[PDB]
């Protein structure tokens, strides 16, 4: 005979170890990137000429974390999500169709939402990596969390609000 082929529902979704949460990051950072690109492209209104370019800067920073976090996952022996289907299903951020009729304030507020989520994800990754004693991974999350939180201050300040982290 032969070993039976197991048929069960996709197991994961529980952020229990460093590996798990690094992959969740790969997923969320890929979608974040896509949301950022849509804001870049669909943006209209006073303040476009400053924020259009800014989205590029954010995107590059997000790219940087995406790469180092999946590559840390690889180094630790894991297997990073690497298809749009994987990214789209494992991510907790929702995507919507691009729309040109959104005010600047609403765009910036959407980016703050995404940044708040990512900062909590990196907080979770920090805590998990600390508990498991994976100090390298721990530092990666902390660094990413530092600058995301700083971007949240600035965005909120443009919106006339405190960071409210």
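Between two forms, the rigid core is the largest collection of C-alphas that superpose within 1.5 Å. Residue numbers count along the first chain shown, from 1.
| task | On a core superposition, give the stretch, 16 to 24 or 153 to 161, with the larger average C-alpha separation from this form in 7 other deposited structures of this protein (RMS over structures and residues). | result | Comparing 153 to 161 with 16 to 24, the one that moves more in 7 other deposited structures of this protein is 16 to 24.
| Higher-scoring stretch by recorded Cα B factor average, 109 to 117 or 128 to 136 | Comparing averages over the C-alpha atoms only gives 128 to 136.
| 151 to 159 versus 8 to 16: which one carries the higher mean Cα B factor per the record? | For C-alpha atoms only, the mean B-factor is higher in 8 to 16.
| query | Between 43, 35, 97, 27, which carries the biggest CA temperature factor in the record? | reply | Most elevated C-alpha B-factor of the set, per the entry: 97.
| residue 39 - Cα temperature factor, lowest/middle/highest third of chain | Tercile = lowest for this residue's CA B-factor.
| message | Taking only the Cα B-factors deposited for this chain, tell me whether residue 74 sits in the lowest, middle or highest third. | response | Its C-alpha B-factor belongs to the lowest third of this chain's values.
| field | Assigned third (lowest, middle, highest) for the C-alpha B factor of residue 31 | value | For residue 31, whose C-alpha B-factor we compare with every modelled residue in the chain, the answer is the lowest third.
| query | So where's residue 102 on the chain's Cα temperature factor ranking, which third? | reply | Tercile = highest for this residue's CA B-factor.
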